[PDB]
Amino acid sequence: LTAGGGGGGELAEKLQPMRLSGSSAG
Amino acid sequence: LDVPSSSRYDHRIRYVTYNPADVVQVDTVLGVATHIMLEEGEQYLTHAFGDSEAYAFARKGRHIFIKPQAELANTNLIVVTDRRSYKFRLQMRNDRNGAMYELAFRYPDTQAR
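Chains n and l, in that order, are what the protein sequence lines are.
Mind the numbering: the first sequence is residues 150 to 153, 177 to 198 in the authors' numbering, read in order.
Heads up, the second sequence is in the authors' numbering, so the first residue is 21 and it goes up one at a time.
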């Protein structure tokens, strides 16, 4: 039908750089 | 014997007025699938052929298709639902003429209600 060295802790942690990414104009 | 009455457009499609006290003489020919529909919302319980391999049976909801599968297939179909029980005297026609594509019912009690 159907188919299918590293010491100097405090001074060196205040000298960690802050690197902010640049932007591109749209 | 309730002989179906055919339509006026094509005598391929026939209608019968259902009756508890009579059977439906179906003239099935070779190579055609014939369509039978029930009442809306009628739950099919069981069906029982006189010869299971003489005819092919697949049912979807309220729609019944039977198909010849063997030479000299002259048996009965008793498909029963909650509302009623149907009886057809299935008879193969040899000459592949006077076919009957689909059988439809006209219910007296439902129409009166």
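Cβ coordinates follow ideal geometry from the N, Cα and C atoms, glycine included.
| Query | Result |
| --- | --- |
| C-beta atoms of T95 of chain l and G70 of chain l nearer than 7 Å | yes |
| Residue 168 of chain l in three-state terms, based on DSSP | Coverage of chain l is limited to positions 21 through 133, which leaves residue 168 of chain l absent and any answer about it impossible. |
| CB contact below 7 Å: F85 of chain l versus chain n | yes |
| Beta-carbon spacing of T48 of chain l, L110 of chain l below 7 Å | yes |
| The stretch 57-64 of chain l touching the stretch 100-109 of chain l, judged by at least three CB pairs closer than 8 Å | yes |
| Interface partners of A78 of chain l on chain C, CB under 8 Å | Although the question refers to chain C, the structure presented lacks it and instead comprises the protein chains n and l. |
| Cα-Cα separation, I86 of chain l to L21 of chain l | 20 Å |
| Where the stretch 43-56 of chain l meets chain n: residues whose CB sits under 8 Å from a CB there | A53 |
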